[PDB]
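Data first, discussion second: the structure below is written as structure tokens.
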Amino acid sequence: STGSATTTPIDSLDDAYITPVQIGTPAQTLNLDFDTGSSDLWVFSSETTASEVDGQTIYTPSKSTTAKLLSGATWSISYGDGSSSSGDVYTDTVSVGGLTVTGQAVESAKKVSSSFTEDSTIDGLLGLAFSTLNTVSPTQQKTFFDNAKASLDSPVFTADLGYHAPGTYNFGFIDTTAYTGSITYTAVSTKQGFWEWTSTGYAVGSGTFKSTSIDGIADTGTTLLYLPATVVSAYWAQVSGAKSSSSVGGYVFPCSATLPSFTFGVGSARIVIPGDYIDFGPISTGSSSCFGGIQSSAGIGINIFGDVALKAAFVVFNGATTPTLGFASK
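173 is the number of the first residue of the sequence shown in the numbering used here; add one for each residue after it.
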């Protein structure tokens, strides 16, 4: 089997991407944030505290003839941005782009933190990291990809995120029309539960490539590119007037600037992030200070190849017995 679904930016900045997902019988379609940095499929629901729902579409398990309470199971998750959610668990039929999994754990939110409530466009998350990170207790549950894998034509999914435009998540096949050149594959460590790999270096604009190992994670659920402070300083030093602002929370730059590209290495191959992809717009409405799309990871503990980086590539998440990542230009 295969599946193919379009993923759409939630706003004009590509702050996140939403993909329609069918849950239950008859189908209830929710727009979920596909997140290769986490491993829970959770949704706003008829069980979510009413004051914490503000415009989201909810899953109502009592209206699904295939929903079953997973008795005794609870979940609770905290994300790197400080947001969180928790609740109980049903199993139900879940379909993405024509690919169906029966008995998928659907984690129903009883509580969500303010940032989720405040984002009316995201009805929940669909985790695509390794199932060892799944938070369901006392019986850990599998991701949608893990459940589907054995049925897929090939044990892979691909992320093709658009810049200020829709893109595609495919399951079970690699669309050879969706990228240019060849796909370069690179090793993955699953030891932390992530799609963790080592970039071979970087360049700023037209500058020379610096060969240096940068361990990080491919994370569709993180907006920006978070890299070591040395790398990030070298980038922003090429932008007149750019500075790190403690009060804003990162590097800012004059909105009048034209940003240089940023290149990252994948083995001997190179992925070029155009400068425009690094512009996240005014820090507050009407400001002439703009927020940068490349930020320091120094306070995180891990480097994160988030959407800014991934949207410049066609990315293969290869879930073969030994997982690997592939990157192609597009």
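Every residue, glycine too, gets a C-beta built ideally from N, C-alpha and C.
Where residue i falls, given that 16 or more other Cβ within 10 Å makes a residue buried
{"i": "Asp205", "result": "buried"}
{"i": "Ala222", "result": "exposed"}
{"i": "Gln364", "result": "exposed"}
{"i": "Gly393", "result": "buried"}
{"i": "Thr395", "result": "buried"}
{"i": "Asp479", "result": "buried"}
{"i": "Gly473", "result": "exposed"}
{"i": "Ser250", "result": "exposed"}
{"i": "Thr208", "result": "buried"}
{"i": "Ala359", "result": "exposed"}
{"i": "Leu241", "result": "exposed"}
{"i": "residue 136", "result": "As displayed, the chain neither begins before 173 nor continues past 502, which places residue 136 out of reach and without an answer."}
{"i": "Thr384", "result": "exposed"}
{"i": "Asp226", "result": "exposed"}
{"i": "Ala484", "result": "buried"}
{"i": "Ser371", "result": "buried"}
{"i": "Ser210", "result": "buried"}
{"i": "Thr265", "result": "buried"}
{"i": "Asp295", "result": "buried"}
{"i": "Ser243", "result": "exposed"}
{"i": "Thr494", "result": "exposed"}
{"i": "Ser419", "result": "exposed"}
{"i": "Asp260", "result": "buried"}
Closer than 8 Å: residue i CB and nearest the ligand ADP heavy atom
{"i": "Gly254", "result": "Looking at this structure, you won't find the ligand ADP or any other ligand, since it has none at all."}
Helix, strand or coil at residue i according to DSSP, with G and I counted as helix
{"i": "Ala414", "result": "coil"}
{"i": "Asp253", "result": "coil"}
{"i": "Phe436", "result": "strand"}
{"i": "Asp451", "result": "strand"}
{"i": "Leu305", "result": "helix"}
{"i": "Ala322", "result": "helix"}
{"i": "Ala222", "result": "helix"}
{"i": "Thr289", "result": "helix"}
{"i": "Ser428", "result": "coil"}
{"i": "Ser234", "result": "helix"}
{"i": "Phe316", "result": "helix"}
{"i": "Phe345", "result": "coil"}
Span of the alpha helix (DSSP H), counted from its first residue to its last, around residue i
{"i": "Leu482", "result": "479 to 482"}
{"i": "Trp367", "result": "Run containing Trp367: none; DSSP gives neither H nor E here."}
Residue i: first and last residue of the uninterrupted beta strand (DSSP E) it sits in
{"i": "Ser383", "result": "382 to 390"}
{"i": "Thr208", "result": "Here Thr208 belongs to no beta strand (DSSP E), and DSSP marks it neither H nor E."}
{"i": "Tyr407", "result": "From DSSP, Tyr407 is part of no beta strand (DSSP E) but of the alpha helix (DSSP H) over 401 to 408."}
{"i": "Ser176", "result": "175 to 181"}
{"i": "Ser461", "result": "461 to 464"}
{"i": "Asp187", "result": "That residue, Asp187, is in no beta strand (DSSP E); it is neither H nor E in DSSP."}
{"i": "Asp332", "result": "328 to 332"}
{"i": "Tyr357", "result": "356 to 359"}
{"i": "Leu298", "result": "296 to 299"}
Residue i vs residue j beta-carbon contact at 9 Å
{"i": "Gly373", "j": "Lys382", "result": "yes"}
{"i": "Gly353", "j": "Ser433", "result": "no"}
{"i": "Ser256", "j": "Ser248", "result": "yes"}
{"i": "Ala481", "j": "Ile445", "result": "yes"}
{"i": "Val278", "j": "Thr263", "result": "yes"}
{"i": "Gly439", "j": "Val328", "result": "no"}
{"i": "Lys282", "j": "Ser258", "result": "yes"}
{"i": "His336", "j": "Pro181", "result": "yes"}
{"i": "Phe486", "j": "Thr330", "result": "yes"}
{"i": "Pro426", "j": "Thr178", "result": "no"}
{"i": "residue 171", "j": "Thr220", "result": "Because the chain in this structure spans residues 173 to 502, residue 171 falls outside the shown range and cannot be described."}
Minimum Cβ-Cβ distance from residue i to chain C less than 9 Å
{"i": "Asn342", "result": "Looking for chain C here will not work: only one protein chain is present."}
Touch test, the segment 457 to 475 against the segment 312 to 321, Cβ-Cβ under 8 Å, three pairs minimum: Segments in contact, no.
The segment 342 to 359 in contact with the segment 178 to 188 per 3-pair CB rule at 8 Å: The segment 178 to 188 and the segment 342 to 359 do not touch, with fewer than three beta-carbon pairs separated by less than 8 Å.
contact_flag[the segment 293 to 306, the segment 214 to 221] where n(CB pairs < 8 Å) is 3 or more: A contact exists between the segment 293 to 306 and the segment 214 to 221.
The segment 233 to 244 / the segment 186 to 200 touching (three or more Cβ pairs under 8 Å): Between the segment 233 to 244 and the segment 186 to 200, the count of Cβ pairs shorter than 8 Å is three or higher; the stretches touch.
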